[PDB]
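What follows is a short report on a single structure.
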Amino acid sequence: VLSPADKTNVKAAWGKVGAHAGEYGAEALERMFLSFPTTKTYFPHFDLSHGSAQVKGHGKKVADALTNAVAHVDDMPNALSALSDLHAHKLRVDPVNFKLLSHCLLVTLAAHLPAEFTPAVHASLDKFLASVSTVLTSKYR
Amino acid sequence: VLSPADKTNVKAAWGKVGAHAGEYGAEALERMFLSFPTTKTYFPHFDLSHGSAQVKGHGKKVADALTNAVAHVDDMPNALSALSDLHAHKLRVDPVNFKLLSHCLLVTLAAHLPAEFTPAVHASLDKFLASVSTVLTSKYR
Amino acid sequence: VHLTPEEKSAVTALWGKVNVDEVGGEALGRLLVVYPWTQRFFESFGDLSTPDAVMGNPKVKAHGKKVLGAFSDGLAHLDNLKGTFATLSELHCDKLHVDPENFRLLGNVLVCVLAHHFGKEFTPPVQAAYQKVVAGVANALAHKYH
Amino acid sequence: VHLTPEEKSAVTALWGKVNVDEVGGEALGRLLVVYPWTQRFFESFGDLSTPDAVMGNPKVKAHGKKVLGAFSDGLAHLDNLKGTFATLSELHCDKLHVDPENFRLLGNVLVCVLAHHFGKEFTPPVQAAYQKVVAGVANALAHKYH
Ligand code: HEM
Ligand code: HEM
Ligand code: HEM
Ligand code: HEM
Ligand SMILES: O=P(O)(O)O[C@H]1[C@H](OP(=O)(O)O)[C@@H](OP(=O)(O)O)[C@H](OP(=O)(O)O)[C@@H](OP(=O)(O)O)[C@H]1OP(=O)(O)O
């Protein structure tokens, strides 16, 4: 469970993200594809080259989803409810990849926020991203 | 989330696991220790030689914990409150290992209960052991 | 992988007693039942909305046989599982877009199945030996992913 | 682990400019903080009750210099990581009783630390290179477990 400091911690870290959403989210996806190629099996229909339009627009979607989650950190299962549906019924992504992406998100926030990524904020973000993965994978079976 | 069918599949399949709880639990410990030697790192004070009394001893405590969980399948997070406090603050076992043990409990039930280990009961017990582990790792951070 | 002789001995022996037309369909069948998200790659096989639907499905049995056939090829060539499954690795990856994590799940489901088909004969050390085998296989199939 | 020659270059080039005493304390510190259960192996270090307690903790600082220094030794032997860390592998197993999965956790914390420190320089391909490296070190340290 996300402690009080967890929510505050994530709110301040994610805030600093600001309007660099589709940018950070697209970097995280790209970091994930290159570092864990197996995650590419799920985007066969995508143009996965550097800076493609599909990743960009898709990175913006993941980044916004996380921003909504942060604003609803108290009730994530309700806000991500619709998304949990998609990933569980259609996309059918293996739960292992959720960790791979969270890690790539951590690395992007780390590489863009030299000041905001403290050990505590780092610990709180990891927890937060693991809670979002938990929800996105709740309805699998 | 364990559906109604899942709860019945477990209560029903775990019934036979009832008598031999000590033989089954210890066998599942042995299979784990042998199939996945890294798990042994958590029992350095144990005598892990086959047939060991500690393994058999602890084997029954784990099976008896699982019997109790089955009985309180609807009150899983609370029924295991003190067992999760233990794992989280005292034992601090890395969450990946629970998956290893769970697979071994499934192999042990498969080997002993062919009649009851149906594809559906197989699925239900997997979901059951998965949530049991989720509760046991809930207070880690 | 790295199987000792007592291991390659234990494995080959048990495998010989394996029902080539039943164990494969069973492993693949239970994979789709226990990890339903894997049904995604076999929507061309028809009804899979249920345990008796997936299990009793003929394409499931017939394809599971193909899969076990490939596995047999592995329990002979443990010294070089990669070359043996190289081609398949490239297929699953380039044309089939299958997350190699599913190779790990199926390996473990196979162990449950072997345990179910052999009972007490599937002793812990025979299990251990089979854990290395299925790990080796899923690893060799994931080897050409990119 | 297969590091393409340019990955080899990238790894060695980024590492030549790394403050090994600063990165070690930081990585071990953050592992202790982010996955606090890892603290179970260090009740000899003292105060670890708060993020600050950890990161400032001189034992945690000193020890990290040791971990990363050993780590550097591996980077000079990408060709033989198993042999390089074999002695340490036996020690972690027999004497320290450390689950090897903790190695993987640290490898990914070390990546987060390298990104934090290098910023944009830690490009996606540079991360990709280092992901291989940390995985290789982790496998190398787990190699002598039994
Ligand atoms: C950090 C958690 C993640 C979040 C918050 C998330 C969020 C989203 C969102 C918002 C969509 C767009 C839904 C729509 O409007 O159609 C989506 C689509 C998708 N996600 Fe995730 N996702 C995450 C992780 C992953 C991972 C682990 C994978 C697989 C490697 C995955 C695979 C996909 C795929 C295949 C699509 C469909 C892409 C398309 O065809 O447009 N997602 N995800
Ligand atoms: C299926 C999940 C598991 C169950 C339900 C379970 C249950 C138990 C129980 C009941 C205890 C006894 C505590 C007491 O006396 O009150 C225990 C102890 C312990 N568990 Fe678990 N456990 C699980 C998974 C694991 C795993 C994965 C490991 C790691 C390999 C682990 C390591 C231990 C150890 C070290 C002890 C202490 C042994 C001793 O000193 O007697 N447990 N577990
Ligand atoms: C034990 C590991 C596996 C082996 C040895 C294996 C082997 C094979 C083989 C021999 C084929 C035949 C292709 C050909 O004609 O050359 C096949 C096809 C296929 N495999 Fe696998 N496979 C494995 C695991 C998986 C897993 C886990 C999945 C995913 C759930 C999968 C999905 C597929 C699919 C979808 C096909 C296409 C069949 C069709 O729809 O016509 N395989 N596999
Ligand atoms: C990059 C991976 C790692 C490397 C290269 C590494 C290396 C080493 C080195 C050089 C030492 C000192 C040996 C001695 O005292 O003679 C050591 C000690 C130790 N390591 Fe690791 N280690 C790694 C990961 C870890 C992790 C992940 C843990 C567990 C969280 C860990 C726990 C320990 C402990 C407990 C000691 C004994 C410390 C003591 O003196 O009290 N190490 N390790
Ligand atoms: O002797 P090594 O150079 O260490 O290589 C072997 C093996 O290939 P061979 O047995 O054919 O030489 C694989 O090396 P890669 O091709 O992957 O580099 C690898 O197997 P994986 O497919 O599981 O990656 C495995 O170990 P590792 O992968 O951890 O390097 C390792 O085996 P041994 O270390 O047991 O000899």
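How things are named: the first chain in the structure tokens is A, the next is B, and so on; residues count from 1 in each chain; ligands count from 1 in the order shown.
Considering only C-alpha atoms and all ligand atoms, every residue of the polymer chains approaching ligand 2 to 6 Å or closer is listed here: residues 39, 42, 43, 58, 61, 62, 65, 66, 93, 97, 98, 101, 102 and 133 of chain B.
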Close residues, residue 83 in chain B itself excluded, 12 Å, only C-alpha atoms, min 2 positions apart in chain, as a ChimeraX atom specification: /B:61-62,65-66,68-69,76-81,85-92,132-139
Chain A in the frame of chain B after full C-alpha superposition, as a short mmCIF file (atom, residue, chain, number, x, y, z; two decimals) with N, CA and C atoms, in the first residue's frame:
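As written to disk, result23.cif reads:
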data_model
loop_
_atom_site.label_atom_id
_atom_site.label_comp_id
_atom_site.auth_asym_id
_atom_site.auth_seq_id
_atom_site.Cartn_x
_atom_site.Cartn_y
_atom_site.Cartn_z
N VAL A 1 -9.27 -12.03 -8.53
CA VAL A 1 -10.22 -12.43 -7.44
C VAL A 1 -10.68 -13.84 -7.69
N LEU A 2 -10.81 -14.60 -6.60
CA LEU A 2 -11.21 -15.98 -6.68
C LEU A 2 -12.70 -16.06 -6.89
N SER A 3 -13.05 -16.63 -8.02
CA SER A 3 -14.43 -16.79 -8.37
C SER A 3 -15.05 -17.79 -7.44
N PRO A 4 -16.38 -17.93 -7.51
CA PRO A 4 -17.09 -18.89 -6.67
C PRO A 4 -16.60 -20.29 -6.96
N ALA A 5 -16.42 -20.62 -8.23
CA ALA A 5 -15.91 -21.95 -8.57
C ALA A 5 -14.46 -22.18 -8.10
N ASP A 6 -13.71 -21.09 -7.93
CA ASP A 6 -12.34 -21.17 -7.48
C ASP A 6 -12.30 -21.68 -6.08
N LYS A 7 -13.13 -21.11 -5.22
CA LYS A 7 -13.19 -21.51 -3.82
C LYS A 7 -13.69 -22.94 -3.63
N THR A 8 -14.73 -23.29 -4.37
CA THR A 8 -15.27 -24.64 -4.34
C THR A 8 -14.18 -25.57 -4.87
N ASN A 9 -13.61 -25.23 -6.01
CA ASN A 9 -12.56 -26.06 -6.61
C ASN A 9 -11.41 -26.38 -5.67
N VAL A 10 -10.88 -25.34 -5.02
CA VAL A 10 -9.77 -25.50 -4.07
C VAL A 10 -10.21 -26.26 -2.82
N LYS A 11 -11.42 -26.01 -2.36
CA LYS A 11 -11.85 -26.70 -1.18
C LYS A 11 -11.87 -28.22 -1.31
N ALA A 12 -12.32 -28.68 -2.46
CA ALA A 12 -12.42 -30.10 -2.78
C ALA A 12 -11.06 -30.73 -3.06
N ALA A 13 -10.17 -29.96 -3.68
CA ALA A 13 -8.82 -30.45 -3.98
C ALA A 13 -8.04 -30.51 -2.69
N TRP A 14 -8.09 -29.44 -1.91
CA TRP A 14 -7.34 -29.43 -0.67
C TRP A 14 -7.88 -30.43 0.32
N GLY A 15 -9.19 -30.62 0.32
CA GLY A 15 -9.78 -31.56 1.25
C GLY A 15 -9.11 -32.90 1.01
N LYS A 16 -9.20 -33.42 -0.22
CA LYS A 16 -8.59 -34.70 -0.56
C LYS A 16 -7.15 -34.86 -0.02
N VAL A 17 -6.49 -33.74 0.26
CA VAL A 17 -5.11 -33.72 0.79
C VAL A 17 -5.18 -34.46 2.12
N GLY A 18 -6.22 -34.15 2.90
CA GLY A 18 -6.45 -34.81 4.16
C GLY A 18 -5.31 -34.78 5.15
N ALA A 19 -5.08 -35.91 5.80
CA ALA A 19 -4.02 -35.96 6.79
C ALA A 19 -2.66 -36.22 6.20
N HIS A 20 -2.49 -35.89 4.93
CA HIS A 20 -1.18 -36.09 4.33
C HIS A 20 -0.45 -34.77 4.26
N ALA A 21 -0.82 -33.88 5.18
CA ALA A 21 -0.27 -32.54 5.25
C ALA A 21 1.25 -32.40 5.31
N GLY A 22 1.82 -32.67 6.47
CA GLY A 22 3.26 -32.55 6.61
C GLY A 22 3.98 -33.38 5.57
N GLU A 23 3.27 -34.33 4.97
CA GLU A 23 3.87 -35.18 3.96
C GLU A 23 3.92 -34.43 2.62
N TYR A 24 2.80 -33.88 2.20
CA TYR A 24 2.74 -33.14 0.94
C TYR A 24 3.56 -31.87 1.05
N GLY A 25 3.36 -31.15 2.14
CA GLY A 25 4.10 -29.92 2.38
C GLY A 25 5.61 -30.13 2.45
N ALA A 26 6.06 -31.27 2.98
CA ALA A 26 7.49 -31.57 3.05
C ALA A 26 8.01 -32.01 1.68
N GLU A 27 7.16 -32.64 0.87
CA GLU A 27 7.57 -33.02 -0.47
C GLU A 27 7.70 -31.78 -1.35
N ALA A 28 6.78 -30.84 -1.18
CA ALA A 28 6.80 -29.61 -1.95
C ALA A 28 8.03 -28.77 -1.68
N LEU A 29 8.46 -28.72 -0.42
CA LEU A 29 9.63 -27.95 -0.04
C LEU A 29 10.86 -28.60 -0.61
N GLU A 30 10.90 -29.92 -0.54
CA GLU A 30 12.02 -30.67 -1.06
C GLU A 30 12.13 -30.59 -2.57
N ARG A 31 10.98 -30.54 -3.25
CA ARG A 31 10.92 -30.44 -4.71
C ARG A 31 11.49 -29.08 -5.09
N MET A 32 11.12 -28.06 -4.31
CA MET A 32 11.55 -26.67 -4.48
C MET A 32 13.05 -26.47 -4.27
N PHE A 33 13.60 -27.09 -3.23
CA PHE A 33 15.04 -27.00 -2.96
C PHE A 33 15.86 -27.65 -4.05
N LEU A 34 15.41 -28.80 -4.52
CA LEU A 34 16.17 -29.50 -5.54
C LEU A 34 16.05 -28.86 -6.91
N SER A 35 14.85 -28.40 -7.25
CA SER A 35 14.59 -27.78 -8.55
C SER A 35 15.01 -26.31 -8.71
N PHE A 36 14.99 -25.56 -7.61
CA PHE A 36 15.37 -24.16 -7.60
C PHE A 36 16.25 -24.00 -6.37
N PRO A 37 17.49 -24.47 -6.46
CA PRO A 37 18.43 -24.40 -5.35
C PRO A 37 18.57 -23.06 -4.69
N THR A 38 18.32 -21.99 -5.43
CA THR A 38 18.42 -20.64 -4.88
C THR A 38 17.51 -20.45 -3.66
N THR A 39 16.45 -21.24 -3.59
CA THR A 39 15.53 -21.13 -2.47
C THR A 39 16.16 -21.64 -1.17
N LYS A 40 17.30 -22.30 -1.30
CA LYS A 40 17.99 -22.82 -0.14
C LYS A 40 18.72 -21.74 0.66
N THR A 41 18.98 -20.60 0.01
CA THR A 41 19.68 -19.52 0.66
C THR A 41 18.95 -19.04 1.89
N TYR A 42 17.66 -19.32 1.96
CA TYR A 42 16.83 -18.89 3.09
C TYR A 42 16.72 -19.85 4.24
N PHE A 43 17.28 -21.04 4.08
CA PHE A 43 17.22 -22.07 5.11
C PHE A 43 18.65 -22.54 5.35
N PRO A 44 19.55 -21.63 5.71
CA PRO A 44 20.93 -22.06 5.95
C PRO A 44 21.07 -22.84 7.25
N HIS A 45 20.17 -22.53 8.17
CA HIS A 45 20.13 -23.14 9.48
C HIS A 45 19.40 -24.47 9.50
N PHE A 46 18.89 -24.87 8.34
CA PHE A 46 18.12 -26.09 8.20
C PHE A 46 18.93 -27.24 7.71
N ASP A 47 18.46 -28.43 8.07
CA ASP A 47 19.06 -29.67 7.63
C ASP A 47 18.10 -29.92 6.49
N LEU A 48 18.59 -29.83 5.27
CA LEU A 48 17.77 -29.98 4.08
C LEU A 48 17.86 -31.31 3.37
N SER A 49 18.47 -32.30 4.03
CA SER A 49 18.59 -33.63 3.43
C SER A 49 17.22 -34.30 3.28
N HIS A 50 17.20 -35.45 2.64
CA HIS A 50 15.93 -36.14 2.46
C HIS A 50 15.24 -36.54 3.75
N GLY A 51 14.00 -36.11 3.91
CA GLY A 51 13.23 -36.47 5.08
C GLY A 51 13.67 -36.00 6.44
N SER A 52 14.43 -34.92 6.52
CA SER A 52 14.91 -34.39 7.79
C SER A 52 13.74 -33.91 8.59
N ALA A 53 13.96 -33.81 9.90
CA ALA A 53 12.97 -33.39 10.87
C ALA A 53 12.60 -31.94 10.70
N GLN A 54 13.56 -31.11 10.35
CA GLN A 54 13.21 -29.71 10.18
C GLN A 54 12.26 -29.48 9.01
N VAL A 55 12.53 -30.12 7.88
CA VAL A 55 11.66 -29.94 6.72
C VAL A 55 10.28 -30.50 7.00
N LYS A 56 10.24 -31.69 7.58
CA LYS A 56 9.01 -32.37 7.92
C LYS A 56 8.13 -31.44 8.75
N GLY A 57 8.63 -31.01 9.89
CA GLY A 57 7.86 -30.12 10.75
C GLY A 57 7.54 -28.79 10.12
N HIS A 58 8.38 -28.35 9.20
CA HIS A 58 8.20 -27.09 8.49
C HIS A 58 7.19 -27.28 7.36
N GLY A 59 7.22 -28.46 6.75
CA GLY A 59 6.30 -28.76 5.67
C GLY A 59 4.89 -28.85 6.23
N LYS A 60 4.79 -29.35 7.46
CA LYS A 60 3.52 -29.45 8.14
C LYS A 60 3.03 -28.05 8.40
N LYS A 61 3.93 -27.14 8.78
CA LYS A 61 3.50 -25.77 9.04
C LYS A 61 2.95 -25.07 7.81
N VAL A 62 3.62 -25.21 6.68
CA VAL A 62 3.16 -24.59 5.42
C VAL A 62 1.82 -25.22 5.03
N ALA A 63 1.73 -26.55 5.10
CA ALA A 63 0.50 -27.28 4.77
C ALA A 63 -0.68 -26.87 5.64
N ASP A 64 -0.44 -26.60 6.91
CA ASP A 64 -1.52 -26.18 7.78
C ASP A 64 -1.91 -24.76 7.47
N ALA A 65 -0.93 -23.95 7.14
CA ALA A 65 -1.18 -22.55 6.80
C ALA A 65 -2.07 -22.48 5.58
N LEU A 66 -1.82 -23.36 4.63
CA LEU A 66 -2.63 -23.39 3.42
C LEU A 66 -4.04 -23.91 3.67
N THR A 67 -4.16 -24.77 4.67
CA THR A 67 -5.43 -25.38 5.04
C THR A 67 -6.30 -24.38 5.75
N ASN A 68 -5.67 -23.50 6.50
CA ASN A 68 -6.37 -22.46 7.22
C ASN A 68 -6.86 -21.52 6.12
N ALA A 69 -5.95 -21.11 5.23
CA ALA A 69 -6.27 -20.21 4.11
C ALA A 69 -7.49 -20.69 3.31
N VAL A 70 -7.55 -21.99 3.03
CA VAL A 70 -8.66 -22.60 2.30
C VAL A 70 -9.95 -22.47 3.10
N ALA A 71 -9.87 -22.63 4.41
CA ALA A 71 -11.06 -22.52 5.24
C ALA A 71 -11.47 -21.08 5.38
N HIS A 72 -10.54 -20.17 5.10
CA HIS A 72 -10.81 -18.74 5.19
C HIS A 72 -10.62 -18.06 3.85
N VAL A 73 -10.89 -18.81 2.79
CA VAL A 73 -10.70 -18.34 1.45
C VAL A 73 -11.42 -17.03 1.14
N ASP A 74 -12.42 -16.71 1.95
CA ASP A 74 -13.16 -15.49 1.75
C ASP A 74 -12.46 -14.30 2.36
N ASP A 75 -11.65 -14.56 3.39
CA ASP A 75 -10.96 -13.47 4.04
C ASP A 75 -9.51 -13.75 4.30
N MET A 76 -8.80 -14.23 3.29
CA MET A 76 -7.39 -14.57 3.47
C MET A 76 -6.51 -13.48 4.09
N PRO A 77 -6.64 -12.21 3.65
CA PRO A 77 -5.77 -11.19 4.27
C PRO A 77 -5.83 -11.09 5.79
N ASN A 78 -6.94 -11.54 6.37
CA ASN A 78 -7.09 -11.49 7.81
C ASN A 78 -6.48 -12.70 8.44
N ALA A 79 -6.71 -13.86 7.86
CA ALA A 79 -6.14 -15.07 8.43
C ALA A 79 -4.62 -15.17 8.30
N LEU A 80 -4.10 -14.69 7.19
CA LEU A 80 -2.66 -14.77 6.96
C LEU A 80 -1.93 -13.53 7.47
N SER A 81 -2.67 -12.61 8.08
CA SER A 81 -2.12 -11.37 8.59
C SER A 81 -0.87 -11.55 9.41
N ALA A 82 -0.89 -12.48 10.34
CA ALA A 82 0.29 -12.69 11.19
C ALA A 82 1.45 -13.25 10.40
N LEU A 83 1.13 -14.11 9.45
CA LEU A 83 2.18 -14.73 8.65
C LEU A 83 2.82 -13.69 7.74
N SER A 84 1.99 -12.82 7.19
CA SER A 84 2.45 -11.76 6.33
C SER A 84 3.49 -10.92 7.07
N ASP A 85 3.33 -10.83 8.39
CA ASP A 85 4.25 -10.08 9.23
C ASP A 85 5.60 -10.71 9.28
N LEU A 86 5.60 -12.00 9.55
CA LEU A 86 6.83 -12.75 9.66
C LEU A 86 7.67 -12.61 8.41
N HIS A 87 7.13 -13.09 7.29
CA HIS A 87 7.80 -13.08 5.99
C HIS A 87 8.26 -11.74 5.50
N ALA A 88 7.60 -10.68 5.97
CA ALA A 88 7.91 -9.32 5.55
C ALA A 88 8.90 -8.59 6.43
N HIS A 89 8.88 -8.90 7.72
CA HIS A 89 9.77 -8.23 8.64
C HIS A 89 10.95 -9.06 9.02
N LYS A 90 10.76 -10.35 9.21
CA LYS A 90 11.91 -11.16 9.61
C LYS A 90 12.58 -11.94 8.49
N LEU A 91 11.86 -12.92 7.99
CA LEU A 91 12.35 -13.79 6.95
C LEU A 91 12.88 -13.02 5.75
N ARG A 92 12.16 -11.96 5.38
CA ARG A 92 12.54 -11.11 4.26
C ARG A 92 12.82 -11.84 2.95
N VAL A 93 11.93 -12.75 2.60
CA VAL A 93 12.09 -13.55 1.40
C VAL A 93 11.72 -12.81 0.13
N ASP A 94 12.49 -13.02 -0.91
CA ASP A 94 12.20 -12.35 -2.16
C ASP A 94 10.94 -12.93 -2.79
N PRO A 95 10.01 -12.05 -3.15
CA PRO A 95 8.73 -12.39 -3.77
C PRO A 95 8.83 -13.41 -4.92
N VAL A 96 9.97 -13.50 -5.60
CA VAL A 96 10.11 -14.44 -6.72
C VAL A 96 10.00 -15.89 -6.31
N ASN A 97 10.48 -16.20 -5.12
CA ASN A 97 10.45 -17.55 -4.61
C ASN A 97 9.07 -18.04 -4.26
N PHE A 98 8.15 -17.12 -4.02
CA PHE A 98 6.79 -17.52 -3.70
C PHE A 98 6.15 -18.28 -4.86
N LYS A 99 6.52 -17.89 -6.08
CA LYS A 99 6.02 -18.54 -7.27
C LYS A 99 6.67 -19.89 -7.42
N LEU A 100 7.93 -19.98 -7.05
CA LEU A 100 8.64 -21.24 -7.16
C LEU A 100 8.02 -22.26 -6.24
N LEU A 101 7.64 -21.86 -5.03
CA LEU A 101 7.01 -22.80 -4.12
C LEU A 101 5.61 -23.18 -4.55
N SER A 102 4.80 -22.22 -5.01
CA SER A 102 3.43 -22.55 -5.47
C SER A 102 3.46 -23.61 -6.54
N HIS A 103 4.42 -23.49 -7.44
CA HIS A 103 4.62 -24.42 -8.54
C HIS A 103 4.96 -25.81 -8.04
N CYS A 104 5.76 -25.88 -6.99
CA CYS A 104 6.15 -27.15 -6.39
C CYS A 104 5.01 -27.78 -5.62
N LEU A 105 4.11 -26.93 -5.16
CA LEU A 105 2.91 -27.37 -4.46
C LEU A 105 1.97 -27.97 -5.51
N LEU A 106 1.79 -27.27 -6.63
CA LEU A 106 0.95 -27.74 -7.75
C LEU A 106 1.38 -29.13 -8.23
N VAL A 107 2.69 -29.30 -8.37
CA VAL A 107 3.31 -30.53 -8.82
C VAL A 107 3.12 -31.67 -7.84
N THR A 108 3.10 -31.38 -6.54
CA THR A 108 2.90 -32.39 -5.49
C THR A 108 1.44 -32.82 -5.44
N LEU A 109 0.53 -31.86 -5.56
CA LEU A 109 -0.89 -32.16 -5.60
C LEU A 109 -1.18 -32.95 -6.87
N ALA A 110 -0.52 -32.59 -7.98
CA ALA A 110 -0.69 -33.30 -9.25
C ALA A 110 -0.21 -34.73 -9.14
N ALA A 111 0.91 -34.92 -8.45
CA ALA A 111 1.53 -36.23 -8.32
C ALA A 111 0.92 -37.10 -7.28
N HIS A 112 -0.02 -36.55 -6.53
CA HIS A 112 -0.69 -37.32 -5.49
C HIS A 112 -2.20 -37.44 -5.72
N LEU A 113 -2.74 -36.62 -6.60
CA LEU A 113 -4.17 -36.64 -6.83
C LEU A 113 -4.49 -36.84 -8.31
N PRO A 114 -4.28 -38.06 -8.83
CA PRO A 114 -4.57 -38.28 -10.26
C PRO A 114 -5.98 -37.95 -10.72
N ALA A 115 -6.91 -37.98 -9.78
CA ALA A 115 -8.30 -37.71 -10.08
C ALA A 115 -8.76 -36.29 -9.82
N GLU A 116 -8.28 -35.71 -8.73
CA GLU A 116 -8.68 -34.37 -8.32
C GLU A 116 -8.04 -33.19 -9.06
N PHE A 117 -6.89 -33.43 -9.68
CA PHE A 117 -6.17 -32.37 -10.38
C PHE A 117 -6.62 -32.25 -11.83
N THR A 118 -7.82 -31.72 -12.01
CA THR A 118 -8.37 -31.52 -13.34
C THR A 118 -7.79 -30.20 -13.81
N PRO A 119 -8.08 -29.80 -15.07
CA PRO A 119 -7.57 -28.53 -15.61
C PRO A 119 -8.17 -27.38 -14.84
N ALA A 120 -9.45 -27.51 -14.53
CA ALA A 120 -10.17 -26.49 -13.81
C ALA A 120 -9.64 -26.40 -12.41
N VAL A 121 -9.53 -27.53 -11.71
CA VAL A 121 -9.00 -27.45 -10.33
C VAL A 121 -7.58 -26.91 -10.35
N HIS A 122 -6.80 -27.33 -11.35
CA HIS A 122 -5.42 -26.87 -11.53
C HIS A 122 -5.38 -25.36 -11.68
N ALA A 123 -6.30 -24.84 -12.48
CA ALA A 123 -6.37 -23.41 -12.71
C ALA A 123 -6.79 -22.70 -11.45
N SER A 124 -7.70 -23.29 -10.70
CA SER A 124 -8.16 -22.66 -9.47
C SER A 124 -7.13 -22.69 -8.33
N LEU A 125 -6.32 -23.74 -8.29
CA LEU A 125 -5.29 -23.85 -7.28
C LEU A 125 -4.18 -22.85 -7.54
N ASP A 126 -3.76 -22.76 -8.79
CA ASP A 126 -2.71 -21.82 -9.13
C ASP A 126 -3.11 -20.40 -8.69
N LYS A 127 -4.34 -20.02 -9.01
CA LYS A 127 -4.90 -18.72 -8.65
C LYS A 127 -4.87 -18.53 -7.13
N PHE A 128 -5.34 -19.55 -6.42
CA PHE A 128 -5.39 -19.58 -4.96
C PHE A 128 -4.01 -19.42 -4.34
N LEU A 129 -3.04 -20.19 -4.82
CA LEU A 129 -1.68 -20.11 -4.31
C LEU A 129 -1.04 -18.78 -4.68
N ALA A 130 -1.45 -18.17 -5.79
CA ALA A 130 -0.88 -16.88 -6.12
C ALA A 130 -1.49 -15.80 -5.24
N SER A 131 -2.71 -16.01 -4.77
CA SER A 131 -3.35 -15.03 -3.88
C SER A 131 -2.69 -15.14 -2.51
N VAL A 132 -2.34 -16.34 -2.09
CA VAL A 132 -1.67 -16.47 -0.81
C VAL A 132 -0.27 -15.83 -0.86
N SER A 133 0.40 -15.93 -2.00
CA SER A 133 1.72 -15.32 -2.15
C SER A 133 1.57 -13.80 -2.10
N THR A 134 0.52 -13.29 -2.74
CA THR A 134 0.24 -11.86 -2.77
C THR A 134 0.13 -11.35 -1.33
N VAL A 135 -0.68 -12.03 -0.51
CA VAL A 135 -0.85 -11.64 0.90
C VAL A 135 0.44 -11.73 1.71
N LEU A 136 1.13 -12.86 1.62
CA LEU A 136 2.38 -13.05 2.35
C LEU A 136 3.44 -12.03 1.95
N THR A 137 3.19 -11.29 0.89
CA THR A 137 4.17 -10.32 0.47
C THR A 137 3.62 -8.90 0.45
N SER A 138 2.44 -8.69 1.04
CA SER A 138 1.80 -7.37 1.08
C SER A 138 2.50 -6.30 1.88
N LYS A 139 3.03 -6.68 3.03
CA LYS A 139 3.70 -5.75 3.95
C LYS A 139 5.19 -5.50 3.73
N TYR A 140 5.74 -5.99 2.63
CA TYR A 140 7.17 -5.82 2.39
C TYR A 140 7.65 -4.39 2.36
N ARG A 141 6.83 -3.46 1.87
CA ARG A 141 7.25 -2.06 1.79
C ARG A 141 6.09 -1.10 1.57
#
Might you pull out every residue within 8 Å of range 59-66 of chain D, with only C-alpha atoms counted and same-chain residues fewer than 4 positions away left off, and present them as an NGL selection string? :D and (20-29 or 45-46 or 54-55 or 70)
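Fit chain D to chain C on the Cα trace, atom for atom in sequence order, and the RMSD comes out at 0.5 Å.
Those protein and nucleic acid residues that have any atom within 9 Å of ligand 5 are, using only C-alpha atoms and all ligand atoms, residues 1, 2, 79, 80, 81, 82, 135, 136, 139, 140, 142 and 143 of chain C; 1, 2, 79, 80, 81, 82, 135, 136, 139, 140 and 143 of chain D.
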Using only C-alpha atoms, determine which residues lie at most 9 Å from residue 39 in chain C, disregarding the query and same-chain residues fewer than 5 positions distant; provide the list as JSON, numbers by chain.
{"A": [92], "C": [31, 32, 33, 48]}
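Here atom 21 (Fe, counted along the ligand's line) of ligand 3 stands at a distance of 8.5 Å from CA of residue 96 in chain C.
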Handout entry: Sel. of helix (DSSP H, G or I) residues, range 19-118 of chain A, as a PyMOL selection string
Key = chain A and resi 21-35+37-42+53-71+76-79+81-90+96-112
Using only C-alpha atoms and a distance of at most 10 Å, pull out the residues of chain D that contact chain A, as a ChimeraX atom specification. /D:26-27,29-36,50-52,54-55,108-109,111-132
Requested in this report: With a distance cut-off of 12 Å and only C-alpha atoms, select the neighbouring residues of residue 5 in chain D, excluding the residue or stretch itself and same-chain residues fewer than 5 positions from it, and output the selection as a VMD selection string.
Outcome: chain D and resid 10 to 12 78 129
Keeping only N, CA and C atoms, take the residues you just selected and write them out as a short mmCIF file (atom, residue, chain, number, x, y, z; two decimals), in the first residue's frame.
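Contents of selection33.cif, freshly written:
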data_model
loop_
_atom_site.label_atom_id
_atom_site.label_comp_id
_atom_site.auth_asym_id
_atom_site.auth_seq_id
_atom_site.Cartn_x
_atom_site.Cartn_y
_atom_site.Cartn_z
N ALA D 10 30.66 1.46 -25.83
CA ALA D 10 29.81 2.28 -24.98
C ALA D 10 29.94 1.99 -23.50
N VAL D 11 29.98 0.72 -23.14
CA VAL D 11 30.13 0.32 -21.75
C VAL D 11 31.45 0.80 -21.18
N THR D 12 32.55 0.49 -21.86
CA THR D 12 33.87 0.87 -21.41
C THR D 12 34.07 2.40 -21.40
N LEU D 78 34.64 -8.69 -19.69
CA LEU D 78 33.32 -9.02 -20.25
C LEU D 78 33.29 -10.39 -20.89
N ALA D 129 22.93 -1.66 -23.45
CA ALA D 129 24.26 -2.25 -23.29
C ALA D 129 24.51 -2.68 -21.85
#
